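# Structure at a glance
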Amino acid sequence: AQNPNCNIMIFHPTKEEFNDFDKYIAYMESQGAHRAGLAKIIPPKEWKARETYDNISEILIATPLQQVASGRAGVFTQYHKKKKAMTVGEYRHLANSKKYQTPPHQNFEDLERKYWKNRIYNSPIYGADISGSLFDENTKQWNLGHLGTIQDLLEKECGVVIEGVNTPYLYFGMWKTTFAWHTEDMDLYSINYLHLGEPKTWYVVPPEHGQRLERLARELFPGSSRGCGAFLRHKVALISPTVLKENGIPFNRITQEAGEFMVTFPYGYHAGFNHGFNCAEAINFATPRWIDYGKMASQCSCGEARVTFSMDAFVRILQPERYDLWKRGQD
Ligand SMILES: O=C(O)CNC(=O)C(=O)O
Ligand SMILES: [Mg+2]
Ligand code: NI
Ligand SMILES: [Zn+2]
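Residues numbered from 1 in each chain as written, not as in the entry; some residues may be left out. Chains lettered and ligands numbered in written order. Heavy atoms only, no water. Residues with missing side-chain atoms left out of burial classes, pairs and counts.

- Structure determination for the deposited model, as stated in its record, used X-ray crystallography, and the stated resolution is 1.3800 Å.

- For the protein, the Catalytic activity comment in UniProt is given as "N(6),N(6),N(6)-trimethyl-L-lysyl(9)-[histone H3] + 2 2-oxoglutarate + 2 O2 = N(6)-methyl-L-lysyl(9)-[histone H3] + 2 formaldehyde + 2 succinate + 2 CO2".
- Here is the UniProt Sequence similarities comment for the protein, exactly as written: "Belongs to the JHDM3 histone demethylase family." (UniProt positions renumbered as here; feature names shortened; annotations may be inferred.)

What follows is the structure in structure tokens.
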């Protein structure tokens, strides 16, 4: 068995290997990359996402979210308070202001220590889930707006034609902006490209050990667990690496820098934080190996998780027994 310790693997495809996206994901899995839940892909030196980032300031962040924490430093939840619209240029200036800017630090490990010590005492503002793309239309390799759609994959594997679309999303971050512990909708893959700015640190639990994380989360968040049998779908709970180590939960960590791709694999729980002003683009995708994970994915039916139009068909076709309860949660 390849990668039996479930380490995060880093890949350096050549320009030739960067042509066929599906083929390279299958290659990475042949080497055991999915066992970690997360992989890093460094593009060949010949590749670029677009020519420059000099003209992005007029993009609108219609609903910036202030991420307010409750709990203790290593075990907390966050809620998202809606703020007034602002442009990317306005948001960048805010991220760089004395109130929000990255503190002085020695290296990524010192910054990580400062994040876990001090995150809860601040409320950073995140531009999340903005439909759109920063890939040039002429970029033909690993262009996250030109991937094969999940609806086409389901149709190719299973024969059923379904409604829905699959488009990318932009994220504008600042110091301490935080992504809570989660797997993707329907335990899909994700791919994330860091277009510009400061790094993103990731934490990940191997898919084979995801239920260990869920059992810890039920212990640590006992009211939330009573409320919903899949409350991590709400995307609000944080648990630090120190707490994970104290409870014996297997995990790994890695820092993504600008110009790098990360892939999350089906049922790989992940969480993390941004180091400073940055912009990422991400989208979900599927492969044949996903189908069995989609059929088994948990679902939130309490009303909190509320998701895209296109998840309807995935539930309806892969999980018909759960469909009526889940749809009631959507309504
Ligand atoms: O970058 C972020 O805030 C969160 N991204 C992801 O969870 C992802 O790409 O799957
Ligand atoms: Mg612009
Ligand atoms: Ni994710
Ligand atoms: Zn729920």
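What follows picks up the thread again.
## Some thoughts on the side chain of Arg35
- Structurally, the position occupied by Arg35 is in the loop between α1 (21-30) and β2 (38-41).
- We classify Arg35 as buried; its relative accessible area is 19%.
- Looking at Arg35, its side chain comes within polar contact range of the side chain of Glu208, at 3.1 Å.
- Apart from residues no more than four positions distant in its own chain, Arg35 is found in contact with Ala1, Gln2, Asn3, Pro4, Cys6, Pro206, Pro207 and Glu208. (Helix = DSSP H or I, 4+ residues; strand = E, 2+ residues; numbered from the N terminus. Buried < 20%, exposed > 50% of the residue type's maximum accessible area, 1.4 Å probe, protein only. Polar contact = N/O pair within 3.5 Å; in protein donor to acceptor, adjacent residues only side chain to side chain. Contact = heavy atoms within 4.5 Å.)

## Some details on the sheet that holds strand β9 (residues 178-182)
- The strand order across the open sheet built from 4 strands is β9-β15-β11-β13, with neighbouring strands paired in antiparallel fashion. Two strands lie at the open edges of the sheet, namely β9 and β13 (252-256), each paired on one side alone. The mean inter-strand angle of the sheet, taken between neighbouring strand axes irrespective of direction, is 15°.
- Bridge analysis of strand β11 (residues 200-205) against strand β15 (residues 269-274) gives 6 bridges, and the strand direction is antiparallel. Each residue of the ladder has a partner; that of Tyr203, found in β15, is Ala271.
- Lying on the sheet, helix α3 (residues 108-118) is in contact with β9, β11, β13 and β15; it crosses β15 at an angle near 100°. (Pairing = 2+ DSSP bridges. Axes fitted to C-alpha atoms, helices over the stretch in contact; angles between N-to-C directions.)

## Quick word on the site of ligand 1
- All residues in the neighbourhood of ligand 1 are listed as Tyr126, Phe179, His182, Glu184, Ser190, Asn192, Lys200, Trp202, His270 and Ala282.
- Take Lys200: an N or O atom from its side chain is 3.0 Å from an oxygen atom of ligand 1.
- Compared with its free state, where it exposes 300 Å², ligand 1 has 93% of that area covered by protein.
- Elements represented by at least two residues in the shell around ligand 1 include exactly β9, β10 (189-197) and β11. (Near = heavy atom within 4 Å. Areas by Shrake-Rupley, 256 points an atom, 1.4 Å probe, with all protein chains shown as cover.)

## As for the environment of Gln299
- Mapped onto the secondary structure, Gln299 falls in the loop between α8 (290-296) and α9 (311-318).
- Taking relative accessible area as the criterion, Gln299 reaches 14% and is therefore assigned buried.
- Once the C-alpha coordinates of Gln299 and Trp326 are considered, the two residues, 27 residues apart in sequence, prove to be 7.1 Å apart.
- Contacts of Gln299, omitting those with residues within four sequence positions, involve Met186, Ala230, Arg233, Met311, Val315, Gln319 and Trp326.
- In terms of polar contacts, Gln299 uses its side chain to reach the side chain of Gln319, at 2.7 Å.

## Looking at α3
- For α3, the set of buried residues is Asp110, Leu111, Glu112, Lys114, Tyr115 and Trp116.
- The opening residue of α3, the one whose side-chain oxygen lies 3.2 Å from the backbone nitrogen of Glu109, is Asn107.

## Notes on the packing of aromatic side chains
- In total, this model carries 31 aromatic pairs according to the counting rule given.
- Here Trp47 and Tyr193 contribute two aromatic rings whose centre-to-centre distance is 5.4 Å and whose plane-to-plane angle is 80°, an arrangement assigned as edge-to-face. In this pair, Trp47 is assigned in the loop between β2 and β3 (60-61) and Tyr193 in strand β10, connecting sequence segments 146 residues apart. Across this residue pair, the class does not change: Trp47 and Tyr193 are buried.
- Between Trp175 and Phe273 the ring centres are 6.4 Å apart and the planes differ by 80°, which places this aromatic pair in the edge-to-face class. Highlighted residues: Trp175 in the loop between β8 (169-173) and β9 and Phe273 in strand β15, separated in sequence by 98 residues. Each member of the pair, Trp175 as well as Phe273, is classed as buried.
- One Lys or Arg, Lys99, reaches over the ring of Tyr100 and ends 5.7 Å from the middle of that ring. (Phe/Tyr/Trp six-rings, centres within 6.5 Å; stacked < 30°, edge-to-face > 60°. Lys NZ or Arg CZ within 6 Å of the ring centre and 35° of its normal.)

## Considerations on the coordination of the nickel ion (ligand 3)
- Around the nickel ion (ligand 3), the protein contributes the donor atoms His182 (NE2), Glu184 (OE) and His270 (NE2), which lie 2.0 to 2.3 Å from the metal centre.
- One chain supplies every donor to the nickel ion (ligand 3), and in sequence these donors are spaced H-x1-E-x85-H. Separated by 86 residues along the polypeptide, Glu184 in the loop between β9 and β10 and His270 in strand β15 bring together distant segments of the chain.
- Assessed through its relative accessible area of 2%, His270 is described here as buried. (Donors = N, O, S within 2.8 Å, 3.2 Å for Na, K, Ca; no water.)

## What about the pattern of salt bridges?
- Across all of its chains, the model carries 11 salt bridges by this definition.
- Here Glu16 and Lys15 are joined by a salt bridge, their closest N and O atoms 2.8 Å apart.
- In this structure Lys15 comes out as partly exposed when scored by relative accessible area, which is 40%.
- Here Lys40 ties to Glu260 by a salt bridge, and the two come within 2.8 Å at their closest N and O atoms. Taken together, the residues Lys40 in strand β2 and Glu260 in the loop between β13 and β14 (261-264) connect sequence positions 220 residues apart. With respect to burial, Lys40 and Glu260 carry one shared label: buried.
- Through salt bridges with shared partners, a single ionic network connects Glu163, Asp312 and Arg316. (Salt bridge = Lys/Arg side-chain N within 4 Å of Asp/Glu carboxyl O.)

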